[PDB]
Amino acid sequence: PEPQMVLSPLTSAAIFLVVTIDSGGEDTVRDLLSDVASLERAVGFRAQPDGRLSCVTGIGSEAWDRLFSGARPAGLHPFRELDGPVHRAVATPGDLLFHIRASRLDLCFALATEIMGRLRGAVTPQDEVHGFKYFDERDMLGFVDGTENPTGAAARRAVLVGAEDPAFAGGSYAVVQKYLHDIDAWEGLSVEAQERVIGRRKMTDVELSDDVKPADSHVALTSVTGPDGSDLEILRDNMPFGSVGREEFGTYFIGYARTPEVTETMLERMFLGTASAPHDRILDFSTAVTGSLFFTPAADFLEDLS
Amino acid sequence: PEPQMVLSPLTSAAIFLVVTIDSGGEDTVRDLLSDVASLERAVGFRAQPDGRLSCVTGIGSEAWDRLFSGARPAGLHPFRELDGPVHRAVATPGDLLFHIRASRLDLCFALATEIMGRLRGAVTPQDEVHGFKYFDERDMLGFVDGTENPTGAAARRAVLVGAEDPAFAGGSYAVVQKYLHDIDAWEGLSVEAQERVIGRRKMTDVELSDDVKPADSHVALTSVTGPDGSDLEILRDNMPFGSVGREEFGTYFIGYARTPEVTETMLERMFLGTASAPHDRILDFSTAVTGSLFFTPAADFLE
Amino acid sequence: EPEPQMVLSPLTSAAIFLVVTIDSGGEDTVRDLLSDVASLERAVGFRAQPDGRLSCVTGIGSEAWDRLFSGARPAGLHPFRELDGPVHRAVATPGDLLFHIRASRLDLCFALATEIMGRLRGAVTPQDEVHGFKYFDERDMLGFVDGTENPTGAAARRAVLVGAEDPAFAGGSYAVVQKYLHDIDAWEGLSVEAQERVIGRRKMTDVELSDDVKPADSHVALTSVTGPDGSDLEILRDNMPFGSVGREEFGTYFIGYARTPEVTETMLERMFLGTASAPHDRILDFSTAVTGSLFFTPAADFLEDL
Amino acid sequence: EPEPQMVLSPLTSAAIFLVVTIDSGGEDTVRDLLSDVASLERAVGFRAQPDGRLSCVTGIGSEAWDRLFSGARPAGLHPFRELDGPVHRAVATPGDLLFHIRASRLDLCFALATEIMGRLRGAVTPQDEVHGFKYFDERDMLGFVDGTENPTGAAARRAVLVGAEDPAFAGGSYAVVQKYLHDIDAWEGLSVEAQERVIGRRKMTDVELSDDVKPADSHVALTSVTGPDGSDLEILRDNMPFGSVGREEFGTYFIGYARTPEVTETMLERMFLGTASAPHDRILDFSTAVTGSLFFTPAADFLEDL
Amino acid sequence: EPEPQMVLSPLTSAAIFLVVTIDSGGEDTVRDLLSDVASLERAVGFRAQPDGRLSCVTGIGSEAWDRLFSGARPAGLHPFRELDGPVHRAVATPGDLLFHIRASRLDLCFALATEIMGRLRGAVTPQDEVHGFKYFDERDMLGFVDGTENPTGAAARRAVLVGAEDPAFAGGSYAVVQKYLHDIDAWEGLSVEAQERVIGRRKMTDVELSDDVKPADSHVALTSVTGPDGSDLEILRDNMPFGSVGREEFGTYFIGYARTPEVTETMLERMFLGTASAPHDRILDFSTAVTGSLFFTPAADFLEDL
Amino acid sequence: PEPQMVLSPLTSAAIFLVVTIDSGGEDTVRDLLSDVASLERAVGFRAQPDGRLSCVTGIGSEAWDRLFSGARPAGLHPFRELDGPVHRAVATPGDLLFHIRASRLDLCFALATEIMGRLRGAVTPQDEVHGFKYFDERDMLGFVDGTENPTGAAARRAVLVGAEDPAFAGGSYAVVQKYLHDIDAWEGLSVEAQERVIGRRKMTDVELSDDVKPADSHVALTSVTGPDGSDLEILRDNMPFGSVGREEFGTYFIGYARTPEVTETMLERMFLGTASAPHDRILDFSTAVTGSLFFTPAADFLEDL
Ligand code: HEM
Ligand code: HEM
Ligand code: HEM
Ligand code: HEM
Ligand code: HEM
Ligand SMILES: [Mg+2]
């Protein structure tokens with residue numbers, strides 16, 4: 001089947017649009033979903049090959065029930081709120097995700113405008129974030145972000161639904177969380193203390209050894225193995241965002257996975273901890289203010305809608 | 001003397017930072033002004049020649065008197081609110097302008113972060129806009145934006161203070177207005193109707209001929225001839241901005257001129273109207289929610 | 001398995017369309033050149049890779065085929081079918097060999113055209129030569145974005161590549177060329193809104209007109225074909241602007257590839273002869289076809305094995 | 001104070017050379033186009049800045065000057081001087097206006113040429129139109145690097161722009177154009193070493209032959225000129241490859257700018273009429289001039305102030 | 001399933017070739033780095049993407065294989081076979097580990113080389129370190145385009161990657177390295193025509209000499225090899241210029257990847273021992289091999305899983 | 001006058017060639033000097049505009065006397081060896097400098113090859129360094145290198161000989177030193193400790209406050225004010241180089257100045273120290289193994305021989 005552009009080339013700009021569908025908004029939404037590929041072509045084609053404009057469209061659990069009368073993707077459910085001893089992963093409203101990426105913010109904005117034009121009156125905006133690449137693929141904590149993402153066949157194997165849910169093959173599960181950083185608290189750490197928090201060297205992005213990597217580092221808690229001892233993997237495209245005047249320095253977290261169980265296991269280790277880690281130290285400097293789970297179906301699922 | 005980067009090469013990204021100096025914030029502000037060129041080099045240098053990072057720093061009339069003793073720039077005064085028959089050009093608070101431009105937002109955001117971090121607790125944010133290049137130098141109305149800006153020597157005679165105010169030579173006057181657009185109304189016009197509002201053909205960016213250019217087109221009202229019959233010019237770097245969710249479709253207007261009078265003449269013709277023109281038809285689709293005037297000194301002045 | 005020619009090229013800014021006839025006795029020279037044309041393409045192109053994007057798709061006409069080769073022929077290979085509509089005519093013009101040369105740069109196309117024609121000197125007569133150039137944001141001389149609804153990836157291969165329906169010629173394709181000249185003065189007399197009604201898409205934003213407003217005689221309405229099984233019948237186009245300002249020649253070089261000529265020829269019949277609902281494609285009221293040729297572009301190994 | 005036209009252009013990979021004659025009574029229309037030509041350059045080009053690099057250098061012939069303007073003539077303006085050499089002829093061909101249009105892309109050149117001709121259609125007759133393209137690593141149709149010894153910076157400004165010697169026309173220049181067609185068959189018949197003896201430079205490495213080896217009838221030998229003070233007399237060239245493979249047209253469009261036409265004309269006399277040591281420039285044994293025209297390209301403000 | 005190393009790399013302008021031997025007791029340190037080398041590639045390369053194009057292909061010699069790994073050996077892995085020809089010798093020199101590091105920039109190559117050699121310090125003895133740079137037009141130190149006839153796509157995969165014939169090692173390849181020093185004074189004494197007869201291609205145009213013209217002792221004649229089924233036997237090369245102007249060192253670092261070492265060895269036999277028609281490859285009259293090593297470059301996941 | 005490309009656009013790649021002129025090599029060198037700009041165009045023009053190929057040609061004090069009749073440049077003299085309490089700036093032989101830069105090492109190598117092709121048997125190689133910039137203009141110590149270089153008119157003012165020595169106007173003075181780093185010792189410091197050595201922040205390249213910048217930091221000691229109480233500036237294009245096998249991790253230092261006195265004062269502060277600093281902390285991790293001074297004349301001086 002034909003996947004949406006979950007595996008995107010390198011992109012320097014992104015818009016995350018999360019909306020809820022208003023009472024009676026379903027027909028307008030279905031019409032828009034049947035045209036969303038066509039609208040990405042209308043905005044993007046003229047700018048190819050360099051524009052690299054794509055939209056990954058996601059649908060929430062409750063939205064799915066409202067929109068489609070047939071089978072549901074096997075792993076689709078509302079985002080699971082996590083109430084950890086110190087940190088909380090909040091569950092916030094979100095029926096439709098538009099994960100818009102390009103080499104330029106103008107292409108993202110132009111597509112977001114077309115999509116919201118078609119949806120005006122049928123949806124209510126919940127979140128809008130304009131993400132930007134920050135230096136050499138760094139995030140707002142100044143660490144390279146995306147290093148250990150799977151690539152090529154491993155990325156497709158990690159992200160794209162297959163024979164386990166054949167009606168939904170080539171779909172994926174997207175988890176979003178908007179994080180705001182305490183940059184005063186962070187900049188109070190030495191680089192070495194920051195490296196102990198993340199689990200990688202700051203300037204050179206080399207993973208700390210097994211012997212020095214803390215158990216409560218971000219890398220330690222988000223490194224997960226299945227029972228066969230193979231790494232369980234997700235595909236992240238985290239995007240810096242913010243407003244200097246309001247002291248908002250953010251990471252917009254997005255992780256794609258073939259099943260949400262992997263992303264949810266990483267989140268549990270982060271927020272609830274383990275026997276050797278109280279919680280992910282990154283959360284002592286990062287507050288999640290959104291949390292939503294969406295299924296991003298195969299492109300042909302959206303194209304074939306009435 | 002050496003100007004700030006008022007005459008910047010074209011940039012695809014910008015941050016417009018307007019702040020008020022809090023009571024007691026003067027010394028922190030003067031120390032930052034000392035270092036703003038150094039912070040620009042610190043953030044920008046390593047981004048090669050492609051980064052094109054610059055910050056143009058401007059000081060408002062009220063701020064000037066709080067910050068500096070002695071002579072004031074000849075043309076420095078607060079933004080003049082225009083109460084037109086239909087359209088208003090509001091005057092809004094602004095002591096400091098940071099006009100940050102680069103080929104990338106990150107360079108703009110990183111330099112904005114350095115500047116605001118130094119001023120934290122000395123200033124109150126008034127406005128912050130993250131501008132992006134829109135297609136082939138187009139604006140939110142879908143028209144090419146910058147076409148008739150002066151270049152080279154003509155740009156320097158238009159924007160840079162010279163012998164007429166010797167102690168402020170190499171400075172400029174910046175006027176900013178944040179505009180929000182009625183895109184629903186605008187998209188209601190035929191392309192031909194839109195071309196009559198702007199005064200240029202939409203796709204080809206060809207100026208309408210004298211015989212068909214409406215007197216209340218944007219181009220007609222912002223074309224000003226001086227005492228000698230030559231064009232009085234300004235240098236604009238207008239930037240699209242917005243939020244699709246809140247239906248904010250924005251033009252951040254910034255015009256630089258040797259003297260505020262040229263920019264002020266254009267605003268009066270636009271908002272107050274003329275014998276031949278009720279007002280600039282662009283204002284039937286564009287609302288000004290800020291208006292501020294700044295003097296952007298010579299680089300040497302800031303130290 | 002059979003290696004296709006580069007029918008599916010990444011986007012290219014420059015093209016040379018070279019159409020020649022094979023002179024009496026020229027067949028042996030042509031066969032030698034056909035066995036070397038892939039080798040010449042590597043000679044010119046390799047040093048400019050990866051950005052050069054140089055390729056040549058070689059096509060052979062119906063009459064030329066029978067002059068060059070013995071035994072089985074491509075199932076759909078026939079001379080271009082002249083269409084005499086009530087208003088507009090699609091002429092058939094001579095053409096035995098097509099070289100469809102594309103690159104990121106005209107020089108690579110020019111150099112390869114020179115190598116090919118140097119090998120065919122004394123064996124072929126020039127019929128048509130057009131040097132195409134990208135025109136702003138993938139626009140044509142009518143000022144509309146051209147290529148937006150092309151199929152991509154697997155859908156593109158399915159549309160253009162001969163397969164099991166003609167297995168001896170699997171990996172080949174059918175190219176239809178028509179050199180069009182536009183009446184720009186006539187076109188510029190129409191409002192943008194009237195032009196959008198002719199094409200069926202919005203001019204600046206390239207958004208397809210809604211089903212309620214798209215005219216039945218619009219280009220997009222008449223070149224949108226659904227098969228009896230309900231699926232879209234697709235072709236892959238690489239239309240190239242060309243012209244001469246002094247001669248007031250403003251053209252579209254139309255090239256369309258399809259796994260059978262039937263799809264392309266259906267679109268042509270609808271355009272030139274119209275339907276129940278449309279006298280003819282309104283684009284032809286501003287566009288004159290001055291050439292018409294059909295070629296079979298065989299699998300690369302067919303040409304190499306000669 | 002005088003603003004030159006873009007005589008000294010950055011390197012541009014595309015050009016259009018448009019030479020036209022002014023019809024009887026076409027003067028008023030041409031004067032209006034000259035007063036608008038910079039505004040049309042901005043209309044087409046500004047949207048593509050900074051990478052587009054679109055410029056038009058507008059040139060006026062000797063006869064055309066007298067039809068269009070009263071007051072002073074530029075000091076060096078006269079019709080191109082036909083050279084009738086013992087073997088080779090530099091023909092004088094009609095041309096009243098030159099538009100030398102350059103950009104990083106042909107589309108911009110073509111769009112600007114289209115706007116200019118749209119204004120002049122009823123007032124002028126096209127005489128020559130050439131679409132030039134960069135060929136490999138700044139090479140010409142003879143396979144040699146072309147432009148190497150051009151002056152740059154201050155030296156170029158001093159060699160090209162009218163100053164104190166003609167104060168009313170300061171910031172102008174003199175353009176000599178010649179369209180050359182090459183006998184590529186004959187050229188490729190030479191060894192690389194024989195080609196190097198014709199040009200005066202090493203072919204692949206572009207290293208100038210030493211004084212002891214450089215033939216006196218080499219191109220470099222005859223187009224190397226010294227003034228009375230003994231310093232080099234220089235022109236600024238922007239020669240552009242062009243051609244048509246089917247018509248076997250392999251062209252160099254020669255254009256040379258000089259502060260006075262006398263430097264360019266001495267080079268032409270040495271090439272075509274030869275010296276004590278050289279019958280003629282050996283490049284002419286492989287190159288035939290089919291046009292020859294001389295233009296004054298005035299300061300931009302001279303054209304604006306019409 | 002199996003993940004090949006970046007044997008099939010995008011064209012790269014920079015390379016570092018590192019050959020080391022494993023000291024007494026160096027096995028554990030080496031295995032640890034082998035398990036980390038992909039991780040270190042990402043640490044250095046990710047933050048430089050997508051322009052960086054950093055990769056490292058890691059090879060293991062025959063002797064080193066038995067020191068490091070339990071279980072099966074690759075079926076074709078053996079020490080480099082010295083060829084003592086009538087005139088020229090293919091020397092064998094020591095090498096346990098190969099790091100074939102490539103990127104768009106030498107500084108990225110050097111950063112990865114640093115990390116690898118930092119981990120190996122005290123466990124290995126450096127044998128050879130070459131910093132390769134390609135010329136503008138994929139041209140080598142002899143001034144010929146180098147890579148033209150490399151296979152691409154499926155044919156490259158077919159030629160290079162171990163498949164069903166040795167299934168435990170599928171996705172691996174065999175690397176042969178030879179560092180060549182050129183006699184540039186002797187080479188530059190030849191005419192271009194004479195140099196073309198040595199290589200078997202035209203120097204400027206990179207057009208292959210016809211079978212009737214290509215000398216039997218030409219580099220292209222002797223390295224063109226057919227199977228027992230008449231099909232081409234191919235290898236994938238990425239030869240890099242290197243050297244030192246002070247020391248008058250002008251080199252080609254040869255690296256050839258093949259599914260079996262037998263194809264590369266057949267080519268080396270033809271070059272150094274000649275045929276019935278050729279004493280030896282004329283390229284060796286200007287090129288001396290000073291190193292020779294054979295390595296197995298396993299599937300990436302073989303090294304990852306140590 | 002036409003300066004050489006001393007004020008170059010940023011370049012990723014460099015070759016530094018230092019040679020001595022053999023006995024009887026003067027005429028061959030003179031011929032090469034008269035052609036070196038011609039050769040730079042030969043290799044560089046067809047690579048434009050992205051190639052950014054230039055060569056700056058420098059002549060040492062002793063060689064000037066062997067090569068030229070006429071006036072000597074005012075400031076030209078042998079590099080002065082500095083014997084500090086801890087660190088030494090060695091003086092090493094050098095008659096000709098070829099400072100070759102481009103976006104690509106192949107362009108540098110092609111030009112170095114044509115230059116050394118012409119000088120074969122007239123000169124002896126002393127140093128050859130192939131330099132590579134890290135991305136973001138970072139050096140072998142991981143720091144952005146070039147940040148406070150003067151630009152535009154300020155750079156012209158700091159670098160080019162003017163009316164002070166009008167027969168050599170458009171010239172400049174190049175000091176070279178090849179530094180080998182102790183990378184193991186360097187990578188032992190915290191980022192914070194390295195920032196105290198350099199005097200700038202590592203990731204953000206923001207200069208340390210006056211209140212925290214150590215007096216023995218590299219920025220503090222290479223920051224010079226003249227009598228006027230205004231900045232004495234040089235123009236640097238330092239290039240990482242090395243060899244992983246030999247554990248050679250280097251910075252090739254090159255500084256251009258209108259007069260050598262400015263560069264030499266910086267070297268005196270670095271190596272001999274001040275009232276408030278024993279020596280430049282950068283020298284605790286950097287050993288100079290070469291040191292030479294050249295005059296890089298106006299291009300037209302070399303052309304007109
Ligand atoms: C404040 C929010 C976050 C920030 C700033 C952040 C930043 C980073 C950084 C700097 C790395 C190391 C480089 C890399 O491999 O990408 C990393 C790795 C990773 N992060 Fe995050 N991250 C955040 C949230 C999350 C969340 C919520 C999850 C999962 C639900 C997650 C999953 C991962 C994974 C799986 C890795 C790779 C670990 C490995 O296999 O080495 N991250 N992140
Ligand atoms: C909603 C706000 C604005 C928008 C969208 C806008 C857009 C444009 C456009 C599309 C053009 C034509 C192309 C060009 O030459 O740049 C233009 C021209 C111009 N605008 Fe604006 N503009 C705005 C506000 C202003 C304001 C407030 C001023 C002056 C105070 C101004 C002064 C000019 C001038 C001087 C020109 C050049 C006219 C000429 O000489 O042809 N604009 N503007
Ligand atoms: C005569 C000059 C022609 C011009 C200027 C032209 C131009 C265009 C334009 C502007 C579009 C809409 C954008 C797109 O999807 O590409 C389009 C679409 C199309 N054209 Fe053409 N066209 C021409 C001739 C033809 C011919 C002769 C055919 C078929 C034989 C054809 C087949 C198509 C198809 C299939 C589409 C896509 C329609 C859809 O599925 O939405 N065109 N063309
Ligand atoms: C007919 C086709 C022409 C071709 C193919 C051609 C080609 C070349 C080439 C390959 C060079 C050497 C590299 C360089 O640009 O410096 C050159 C140099 C030159 N050409 Fe031409 N040229 C032609 C006609 C002309 C004409 C008609 C003139 C003068 C009226 C001219 C004047 C020059 C000059 C002045 C030089 C520089 C010589 C020097 O100082 O080294 N060329 N040309
Ligand atoms: C001095 C060392 C070498 C140099 C400078 C060199 C250079 C070249 C050049 C210029 C080509 C022509 C363009 C191309 O197809 O890549 C070529 C082709 C080739 N070289 Fe080499 N080569 C060298 C050593 C070797 C060695 C040692 C082998 C094999 C063990 C080899 C195998 C080949 C092969 C197979 C081809 C392609 C021939 C074909 O099928 O057309 N080369 N080489
Ligand atoms: Mg017409």
# chains A, B, ... in the order shown; residues from 1 in each chain; ligands from 1
>>> closest_atom_pairs(of="chain C", to="chain E", cutoff="6 Å", atoms="only C-alpha atoms", output="tab-separated table")
residue	atom	partner	partner_atom	distance
C:43	CA	E:206	CA	5.1
C:46	CA	E:148	CA	5.6
C:47	CA	E:137	CA	4.9
>>> write_last_selection(atoms="C-alpha atoms", output="compact mmCIF listing (two decimals), in the first residue's frame")
# COMPACT_ATOMS: atom_id res chain seq x y z
CA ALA C 43 29.99 9.36 -21.17
CA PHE C 46 28.68 10.67 -15.39
CA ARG C 47 31.17 13.49 -14.66
>>> residues_around(residues="residue 39 in chain E", least_positions_apart="4", cutoff="10 Å", atoms="only C-alpha atoms", output="PyMOL selection string")
(chain A and resi 147-148+206-207) or (chain E and resi 33-35+43-45+304)
>>> residues_around(residues="residue 95 in chain A", least_positions_apart="3", cutoff="10 Å", atoms="only C-alpha atoms", output="ChimeraX atom specification")
/A:18-22,58-64,66,78,123-124,126,292-294
>>> write_last_selection(atoms="C-alpha atoms", output="short mmCIF file (atom, residue, chain, number, x, y, z; two decimals), in the first residue's frame")
data_model
loop_
_atom_site.label_atom_id
_atom_site.label_comp_id
_atom_site.auth_asym_id
_atom_site.auth_seq_id
_atom_site.Cartn_x
_atom_site.Cartn_y
_atom_site.Cartn_z
CA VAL A 18 -3.93 19.83 16.11
CA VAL A 19 -7.71 20.56 15.86
CA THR A 20 -10.88 19.02 17.33
CA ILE A 21 -13.93 18.32 15.12
CA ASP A 22 -17.03 20.34 16.09
CA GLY A 58 -3.40 11.79 11.70
CA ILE A 59 -6.83 10.89 13.20
CA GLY A 60 -7.45 10.41 16.93
CA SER A 61 -9.25 7.45 18.49
CA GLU A 62 -12.54 9.37 19.15
CA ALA A 63 -12.32 11.17 15.74
CA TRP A 64 -11.90 7.71 14.10
CA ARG A 66 -17.01 9.73 14.46
CA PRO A 78 -6.73 8.05 23.24
CA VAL A 123 -13.08 22.26 13.56
CA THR A 124 -11.68 24.24 16.52
CA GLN A 126 -6.26 23.20 19.79
CA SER A 292 -2.18 13.21 21.80
CA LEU A 293 -2.10 9.91 19.88
CA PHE A 294 -3.19 9.63 16.21
#
>>> residues_near_ligand(ligand="ligand 5", cutoff="7 Å", atoms="only C-alpha atoms and all ligand atoms", output="PyMOL selection string")
chain E and resi 140-142+144-150+178+180+199+201+219-220+223-224+234-235+252+254+256+264-265+267-268+283-284+287
>>> write_last_selection(atoms="N, CA and C atoms", output="tab-separated table (two decimals), in the first residue's frame")
chain	number	residue	atom	x	y	z
E	140	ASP	N	40.62	11.92	-12.23
E	140	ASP	CA	41.67	11.36	-11.35
E	140	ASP	C	42.98	12.12	-11.61
E	141	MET	N	44.05	11.62	-11.00
E	141	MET	CA	45.41	12.19	-11.07
E	141	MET	C	46.00	12.08	-12.49
E	142	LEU	N	45.48	11.20	-13.34
E	142	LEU	CA	45.91	11.12	-14.76
E	142	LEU	C	45.07	12.07	-15.62
E	144	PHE	N	41.78	11.84	-16.29
E	144	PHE	CA	40.61	11.14	-16.89
E	144	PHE	C	39.46	11.06	-15.88
E	145	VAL	N	38.23	11.12	-16.41
E	145	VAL	CA	37.02	10.87	-15.59
E	145	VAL	C	37.09	9.43	-15.12
E	146	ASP	N	36.81	9.19	-13.84
E	146	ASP	CA	37.09	7.90	-13.14
E	146	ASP	C	35.78	7.51	-12.43
E	147	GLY	N	35.13	6.43	-12.89
E	147	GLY	CA	33.86	5.89	-12.35
E	147	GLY	C	32.78	5.68	-13.40
E	148	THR	N	33.00	6.14	-14.64
E	148	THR	CA	31.97	6.22	-15.70
E	148	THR	C	31.23	4.89	-15.84
E	149	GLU	N	31.95	3.77	-15.93
E	149	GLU	CA	31.33	2.46	-16.23
E	149	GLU	C	31.01	1.68	-14.96
E	150	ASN	N	31.17	2.29	-13.78
E	150	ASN	CA	30.67	1.62	-12.55
E	150	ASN	C	29.23	1.18	-12.81
E	178	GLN	N	44.57	-0.92	-3.42
E	178	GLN	CA	45.97	-0.69	-3.82
E	178	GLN	C	46.20	0.82	-3.89
E	180	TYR	N	48.42	3.51	-5.50
E	180	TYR	CA	49.30	3.66	-6.69
E	180	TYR	C	49.98	5.03	-6.64
E	199	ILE	N	44.32	4.61	-21.75
E	199	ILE	CA	43.11	4.45	-20.88
E	199	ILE	C	42.07	3.62	-21.62
E	201	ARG	N	39.62	5.53	-23.37
E	201	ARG	CA	38.50	6.50	-23.47
E	201	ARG	C	39.10	7.83	-23.94
E	219	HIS	N	43.64	0.21	-20.52
E	219	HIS	CA	43.09	-0.07	-19.17
E	219	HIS	C	41.64	-0.57	-19.29
E	220	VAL	N	40.80	0.06	-20.11
E	220	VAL	CA	39.40	-0.39	-20.35
E	220	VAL	C	39.38	-1.79	-21.02
E	223	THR	N	40.37	-4.52	-18.26
E	223	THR	CA	39.49	-4.55	-17.05
E	223	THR	C	38.03	-4.78	-17.48
E	224	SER	N	37.79	-4.99	-18.78
E	224	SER	CA	36.50	-5.50	-19.32
E	224	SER	C	36.57	-7.03	-19.42
E	234	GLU	N	31.42	-7.34	-13.26
E	234	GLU	CA	31.62	-5.91	-12.91
E	234	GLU	C	32.12	-5.81	-11.48
E	235	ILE	N	32.77	-4.70	-11.17
E	235	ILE	CA	33.14	-4.33	-9.78
E	235	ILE	C	32.72	-2.87	-9.60
E	252	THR	N	46.82	7.59	-7.07
E	252	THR	CA	45.44	7.07	-7.14
E	252	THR	C	45.36	5.98	-6.07
E	254	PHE	N	43.26	3.08	-5.21
E	254	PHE	CA	42.31	2.15	-5.85
E	254	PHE	C	41.53	1.41	-4.75
E	256	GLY	N	38.14	-1.36	-5.01
E	256	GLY	CA	37.18	-2.11	-5.82
E	256	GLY	C	36.41	-3.05	-4.92
E	264	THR	N	37.62	-9.14	-9.20
E	264	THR	CA	38.71	-8.16	-8.99
E	264	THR	C	40.06	-8.82	-9.28
E	265	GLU	N	40.25	-10.07	-8.86
E	265	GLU	CA	41.53	-10.81	-9.04
E	265	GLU	C	41.75	-11.12	-10.53
E	267	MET	N	40.67	-9.28	-13.01
E	267	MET	CA	41.03	-7.96	-13.58
E	267	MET	C	42.49	-7.68	-13.28
E	268	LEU	N	42.96	-7.89	-12.04
E	268	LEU	CA	44.37	-7.63	-11.64
E	268	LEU	C	45.31	-8.57	-12.41
E	283	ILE	N	48.39	1.38	-18.28
E	283	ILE	CA	48.26	2.29	-17.10
E	283	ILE	C	49.39	1.99	-16.09
E	284	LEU	N	49.92	0.76	-16.05
E	284	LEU	CA	50.97	0.39	-15.05
E	284	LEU	C	52.34	0.94	-15.45
E	287	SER	N	52.01	4.02	-13.25
E	287	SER	CA	51.32	3.76	-11.97
E	287	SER	C	52.03	2.59	-11.27
>>> atom_distance(atom1="atom 28 (C, counted along the ligand's line) of ligand 4", atom2="CA of residue 85 in chain D")
15.4 Å
>>> closest_residue(among="A:199, A:146, A:117, A:94", to="chain B", atoms="only C-alpha atoms")
A:117
>>> decode(residues="range 276-280 of chain F", atoms="N, CA, C and O atoms", output="mmCIF file, in the first residue's frame")
data_model
loop_
_atom_site.group_PDB
_atom_site.id
_atom_site.type_symbol
_atom_site.label_atom_id
_atom_site.label_comp_id
_atom_site.auth_asym_id
_atom_site.auth_seq_id
_atom_site.Cartn_x
_atom_site.Cartn_y
_atom_site.Cartn_z
ATOM 1 N N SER F 276 49.865 40.380 34.456
ATOM 2 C CA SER F 276 48.709 39.615 35.003
ATOM 3 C C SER F 276 48.608 38.192 34.429
ATOM 4 O O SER F 276 47.613 37.509 34.773
ATOM 5 N N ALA F 277 49.547 37.755 33.576
ATOM 6 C CA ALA F 277 49.465 36.456 32.861
ATOM 7 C C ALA F 277 50.857 35.914 32.575
ATOM 8 O O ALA F 277 51.630 36.560 31.872
ATOM 9 N N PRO F 278 51.204 34.707 33.068
ATOM 10 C CA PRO F 278 52.488 34.088 32.748
ATOM 11 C C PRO F 278 52.660 33.893 31.235
ATOM 12 O O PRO F 278 53.741 34.060 30.739
ATOM 13 N N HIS F 279 51.574 33.520 30.552
ATOM 14 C CA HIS F 279 51.568 33.197 29.100
ATOM 15 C C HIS F 279 50.143 32.835 28.685
ATOM 16 O O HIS F 279 49.280 32.647 29.566
ATOM 17 N N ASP F 280 49.908 32.784 27.384
ATOM 18 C CA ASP F 280 48.608 32.385 26.788
ATOM 19 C C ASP F 280 48.313 30.929 27.153
ATOM 20 O O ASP F 280 49.092 30.052 26.777
#
